[PDB]
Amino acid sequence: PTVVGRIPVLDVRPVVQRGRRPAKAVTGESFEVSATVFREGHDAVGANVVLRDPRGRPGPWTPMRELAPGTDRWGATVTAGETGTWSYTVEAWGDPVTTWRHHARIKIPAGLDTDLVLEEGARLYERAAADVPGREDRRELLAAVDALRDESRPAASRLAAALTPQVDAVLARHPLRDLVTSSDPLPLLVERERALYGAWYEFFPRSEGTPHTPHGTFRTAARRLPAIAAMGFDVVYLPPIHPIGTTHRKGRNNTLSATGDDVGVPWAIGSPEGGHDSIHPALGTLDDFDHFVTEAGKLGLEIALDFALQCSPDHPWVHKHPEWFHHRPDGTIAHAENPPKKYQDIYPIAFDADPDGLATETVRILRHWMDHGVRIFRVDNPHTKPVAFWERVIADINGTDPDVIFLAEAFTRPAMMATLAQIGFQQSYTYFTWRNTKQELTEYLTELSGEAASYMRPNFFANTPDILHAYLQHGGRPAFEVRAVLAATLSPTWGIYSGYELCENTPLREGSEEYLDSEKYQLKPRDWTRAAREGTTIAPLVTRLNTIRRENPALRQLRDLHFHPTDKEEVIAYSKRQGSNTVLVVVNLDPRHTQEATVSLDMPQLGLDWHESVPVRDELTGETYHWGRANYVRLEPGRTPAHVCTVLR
């Protein structure tokens, strides 16, 4: 048996790990399946994609086209339906009708062998007719057969009868395929919409308390949920909600020794009060948590819990499972690190003495929170635990509960970032915050929206508790407006960490990405009511951005994206499409000066002729414009960060 078939079909894409892991989609998501298809000699080939659902049922006729001339690379778009494990095959075949047509159109006017040529076409068309299930369509092709064979009629006339629009339509739908050859099937994991699309808000429940009880509880924190839902968010990400250690507890601003009232860092998990399956007593009980989750659900909010596989020195695991830690020769356990950052308040887990025990406990813990309605886990620093460990855990959890979504917070090198997605993380954090110039943004999003989208789904948090970028520090409110627009329009998942709306941008010191008086080490009450009435919050822009996303399919996908040229380096333009919805975005990346530029639209890439002039609406302002090939913009920081335009139907 040979490796190559009768009609070569090679290097089908997408492929992940040579086919040992699945390519990814979500319900309703479209992507391109490609392959290299050609044959011996000079006749035409054709190709089609066969998509098969979890029950093995084939999808519709999906013909491919050569993507670039001379390349022999063919592609077609397909769309994922219900969730589960699917497969895809490319079929390649000889296309003797296109071949015959080509020769006939030349030979018949040339008067070469006209009778023989016409009879050859007749016999092809007859075979094409025997396959066609439609009776009307069959009649249409037999009619052409008769005409081709009518030796009383002129050659050019007989031939034209085989090339009519309605003959073409039948053959496009039901082609004569010679020597059909199939690739081996490749796997596709189709997951729920939220895996790709959703808007995330991160906050610390303990900061939302009262005058009498400063340390907020799940019952007091629940009062923030309505305002979070009204901003158009879908997911609430909570830092660790468990008891927090007392030994080597950190004080305010990442100081080494906590004083009497200091609350410490949520990520220092565990004390005699409980571990990863417990609630910090100052937040309340598990019933209070249920109330929180229930209230969230009624508002259309899902909860994402933080999962940080690490311990404070007071965690019960320290004495109950000492072999889950590496002990130095004097018995001590080295505190965790991410240099030059030190985490003196925690111990990292060791995985090589009891991997099975660690895996079993981990899935028990996740299943506990799952039983309480948490169907999304934000995995803290996954890259400091074994890659195969995450592979096994996710596979175990999705085996019984395929809706559960894991987000990898791995700010690390590309190989690890990619591998973590490929072994099963539904979402990844990304380099977004360190991509601030037009060249950085264009390059990174080209990468994210290209081949990487077969395995990685990005979550663009414009900030986190650990990341306050210099761009926001030096930019002020107009920088916050820009980044919000970008994150929200460039990824179908984006997020902010509470305080972003208020444009909090004071660093620990010059050249740091830490916030001053960071919420990680202290309660951080905020006067939300005053910021609203005084207008010192960008919460209305944020709300508008999420509304636009909810109203425009184009912004709920990743892969269709294109950058249009502009004559200003500060000014970036791009477009996204889904069916007939097309969103056009122009952003001024300069937060200090007004920028004017000419934006030159790739009109065909919008599906328009070059000379066309289509109307748009800037959904940020409601204002209408008529745009075409070349368009003047003028964007004033503080007044307008961008144009976020929909092309009017």
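The first residue of the shown sequence is 1; numbering continues from there.
> What stretch has the higher average Cα B-factor here, 184-192 or 206-214?
Between 184-192 and 206-214, it is 184-192.
> Comparing 172-180 with 392-400, which stretch shows the greater average C-alpha B-factor in the deposited entry?
Higher mean C-alpha B-factor in the PDB entry: 172-180.
> Report the option among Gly357, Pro414, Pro154, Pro525 whose CA atom has the maximum B-factor in the deposited record.
Among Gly357, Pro414, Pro154, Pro525, the highest C-alpha B-factor in the entry belongs to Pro154.
> If I read the C-alpha B-factors straight from the PDB entry, which of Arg138, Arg559, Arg477, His368 is highest?
The record points to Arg138.
> Divide the modelled residues of the chain into thirds by Cα B-factor and specify which third, lowest, middle or highest, holds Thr594.
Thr594: CA B-factor falls in the highest third of its chain.
> Report the third (lowest, middle or highest) to which the CA temperature factor of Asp146 belongs, ranking only the modelled residues of the same chain.
Within its chain, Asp146 is a highest-third residue by C-alpha B-factor, going by the deposited values.
> Within this chain, which third does the Cα B-factor at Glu91 fall in: lowest, middle or highest?
Middle third, going by the recorded CA B-factors of the chain.
> Quick check for you: using the entry's CA B-factors within this chain, is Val585 in the lowest, middle or highest third?
Middle third.
> Could you place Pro340 in the lowest, middle or highest third of its chain by Cα temperature factor, using the values in the record?
As the PDB entry reports it, the C-alpha B-factor of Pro340 lands in the highest third of its chain.
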